[PDB]
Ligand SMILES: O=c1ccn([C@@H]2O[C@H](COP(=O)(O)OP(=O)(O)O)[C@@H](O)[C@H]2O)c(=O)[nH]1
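Shown next as structure tokens: one chain only, the form deposited without the ligand.
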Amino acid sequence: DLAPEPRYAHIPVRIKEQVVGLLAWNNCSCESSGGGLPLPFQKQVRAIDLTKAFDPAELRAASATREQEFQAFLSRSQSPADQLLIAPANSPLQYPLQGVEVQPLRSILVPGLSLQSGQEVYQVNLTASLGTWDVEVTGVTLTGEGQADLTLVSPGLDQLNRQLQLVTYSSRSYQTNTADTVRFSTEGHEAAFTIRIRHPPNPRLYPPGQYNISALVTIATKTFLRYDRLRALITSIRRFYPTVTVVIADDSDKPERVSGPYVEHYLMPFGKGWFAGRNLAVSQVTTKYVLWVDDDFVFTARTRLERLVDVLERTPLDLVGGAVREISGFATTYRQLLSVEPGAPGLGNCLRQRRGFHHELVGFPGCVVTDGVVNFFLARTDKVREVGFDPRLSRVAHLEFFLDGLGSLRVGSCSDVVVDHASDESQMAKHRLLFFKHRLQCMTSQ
């Protein structure tokens, strides 16, 4: 809402064309570049309308049920902590604004409560909805200790405030991760604030036993009827890393035996699929880090994994891609930007894919921060599992992983770690899937 309020209706405003254009107007669409012969400094943008992957009758149904499932999702994600709260001006209430948190069914002293010399009597009310208040300061009368509503009354202002330094909140009902919006009040004044109720996060620390690559890194791949390429890969890896474990997910119809020291071969139902096999491979990794390589890759003296290890050891990144070099001699890092822009409510949003990166990774020449990369990368195993390779993407997929991970996964890309590359209804289905899964109406590729 931009429209001027009554109180300020008279006050004149000239719109800043430039800045108002920065706001999300929930009206995005996806348009193709003008067609024909291209121009040198222009990139051709091409649009995909995912709504056209449905029968117009089915489209309505899909949009409805997608909206319904989304409303359900909201209700199980969102917290009173996410409410817009406005701090009142000119209140004598001093209260914690953020960063007050308790474990479920635990207790804490509440910081920073006070009432800001000598009056009649001073009284403050505390109200909670998922917990109970407790504290005795000489001179101060308490009403409601061990209840959701607590009154503190004291002729001593210093006293009242000293007792406030000793006010405790206790979570009274068990929930996993929520919050309780408390009310702190005095005569003619009201303040809302939120205590977060949650468990501390699982830190998932790795035992240890430069860098021990065998201890830190598992190599994961997926193959299908390409045993020649796969064996060349394993041979090449062994030329530089003799004891690193290689996990191989395999959905071949008549699987050959693959074995050797530190190789683990997993057989899947014939044509179970690509991402399913990737999900399989990662689920078997016990090391801090996993390296994804395609079955058609070859290690060279340029595949210096230590450098990728270094990056993840020394930076907050979760995933760091290398570069893949074609036999044509060109090496790509496939640095991609993925952003979702708000579209019409219930049509869905618009995905924008474009080549590029966000910024250089300070301290690490040749490395940048981006949204997606080529399928040669080292990553924290847990973060990869957290995002997952959606087993439904069975045939042709790549960026969809980075899209599933978008914002959750800290992505980087280093050009100096290099691996060599050895020389439909599915499309429609994926369009329907991505429409539903990610609430998209369309996408542009660039």
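When you see a residue number, it is the position in the sequence shown, counting from 1.
One more form of this protein should be noted, the form solved in complex with the ligand, which is absent from this view; the next part is about it.
- Between the ligand and the residues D310, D296, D371, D318, the one pair within 4.5 Å by heavy atoms in the entry with it bound involves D296.
- Taking a 4.5 Å heavy atom cutoff to the ligand in the entry with it bound, the contact residue among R239, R198, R226, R354 is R226.
- With the ligand omitted here, the record of contacts in the entry with it bound names 394 to 402 of 47 to 55, 63 to 71, 394 to 402, 380 to 388, defined by a heavy atom within 4.5 Å.
- In the entry with it bound, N375 approaches the ligand with a heavy atom inside 4.5 Å.
- Heavy atoms of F193 never reach within 4.5 Å of the ligand in the entry with it bound, leaving it off the interface.
- Shown alone here, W274 lies within 4.5 Å of the ligand in the entry with it bound, counting heavy atoms only.
- If you take 409 to 446 and check each residue for a heavy atom within 4.5 Å of the ligand in the entry with it bound, you get just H421.
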